[PDB]
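I have placed the structure first, in the form of structure tokens, so that the comments after it can refer back to it.
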Amino acid sequence: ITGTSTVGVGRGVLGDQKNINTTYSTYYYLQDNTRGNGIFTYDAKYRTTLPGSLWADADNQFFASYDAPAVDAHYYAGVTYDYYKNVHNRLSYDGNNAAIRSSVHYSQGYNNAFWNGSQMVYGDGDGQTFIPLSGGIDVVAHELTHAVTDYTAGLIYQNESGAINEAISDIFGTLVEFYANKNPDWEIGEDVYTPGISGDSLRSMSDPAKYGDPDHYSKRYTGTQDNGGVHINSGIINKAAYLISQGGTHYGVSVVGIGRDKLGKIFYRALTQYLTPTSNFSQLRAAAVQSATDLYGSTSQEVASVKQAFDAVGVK
Ligand SMILES: CC(C)C[C@H](C[Si](O)(O)CNC(=O)CCc1ccccc1)C(=O)N[C@@H](CC(C)C)C(=O)O
Ligand SMILES: [Ca+2]
Ligand SMILES: [Ca+2]
Ligand SMILES: [Ca+2]
Ligand SMILES: [Ca+2]
Ligand SMILES: [Zn+2]
């Protein structure tokens, strides 16, 4: 809508207070005009029709329980946008400042989230397995990254390419988490998962096997579930990414960590320059070393660490 840019205040899923960019026109809307072509947050009102209606508030104060998820989706989207802009010099997911849209309160007791090809969607969870998904910054960034991937490499959502697609989302979701410095970790969705059970998480990048995910190419899932295990085999790449950044010894192979920042640069470059819709793990390996090479030279430690990492997860 057309109106006056302003700032509201509200409480997020975790009960934290924060300021949000809104737009004033009769009502106060969850419309952030400060970022690219804007960030829009909608209310799906427990239905499945999208996107629903642009979030309207009467007083610019979002302290109602029903508001929480909207606050977070809106806020975290902004943070994610900033990350891409500040860090990778990317303007929105399309690189052309496309408007970012999210819908919350999707369905009833919906334990998931997704990028529908046009926007982000978040369920509220059943309150047992999950709480409103937008409460996790890694989650929001994961979703937004799916968009980035779509506009770039276009990795098809199945089998190996789909696993890569997933890993990308986990990696960047994690990097964004570190970027915001919000109790950063190498875990996925710990903030909205099992309300419930402390210390747990949906996925682990540092130790995927902890949750039954493969951490070695030899343990790759080859069935048909999960689109051919896109959310499973991602653990392999996730583990690799972890090693590149943090370093360590996995299956007898030692990897010298190069740090988060370099990890991001390397992966972003691979994503945007070398990956294709049908790329596989092995292709991912080549893209990654090519990027590092481009960035730090063939004889660099960076290239070295990338190689060891892939070796460590049995990806040649
Ligand atoms: C919390 C976690 C990061 C959320 C992830 C969502 Si997703 O974007 O990877 C996949 N979402 C869907 O498949 C929703 C249905 C759909 C809509 C449109 C097109 C295709 C599918 C995530 O990792 N989800 C996985 C784990 C769940 C327990 C949350 C999963 O969906 O398997
Ligand atoms: Ca209000
Ligand atoms: Ca965390
Ligand atoms: Ca996390
Ligand atoms: Ca938990
Ligand atoms: Zn995903």
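All ligand and atom numbering here is 1-based and tracks the order in the structure. We count residues from 1, following the sequence as given.
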*Angle at the Ca ion (ligand 4) between OD1 of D185 and OE1 of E177, to 10°?*
130°
*the Ca ion (ligand 5) to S201: any N/O/S contact under 3.0 Å?*
no
*Using a cut-off of 6.0 Å, state whether more than 12 heavy atoms not belonging to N89 lie near its atom CG.*
no
*For the Ca ion (ligand 3), the closest N/O/S atom belonging to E190*: OE2
_Which atom name does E187 have for its N/O/S atom nearest to the Ca ion (ligand 4)?_
O
*asked:* Distance to the ring centre below 6.0 angstrom and angle to the axis at most 45 degrees; does that hold for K262 and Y296?
replied: yes
*Name, closest N/O/S atom of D138 to the Ca ion (ligand 4)*: OD2
*Within the stated cut-off of 3.0 Å, is an N/O/S atom of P195 closer than that to the Ca ion (ligand 5)?*
no
*Check whether more than 12 heavy atoms from other residues, nucleotides or ligands sit under 6.0 Å from atom NZ of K85, and answer yes or no.*
no
*Hey, which N, O or S atom on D200 ends up closest to the Ca ion (ligand 5)?*
OD1
*Relative to each other, are the rings of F178 and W186 parallel, tilted or perpendicular (30° and 60° limits)?*
tilted
*Taking all non-hydrogen atoms of both residues into account, name the closest pair between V140 and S134 and its distance.*
CG2-O, 3.8 Å
*Nearest atoms (heavy-atom pairs only) where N233 meets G228*: ND2-O, 3.8 Å
*Do you see an N/O/S atom of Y193, backbone or side chain, under 3.0 Å from the Ca ion (ligand 5)?*
yes
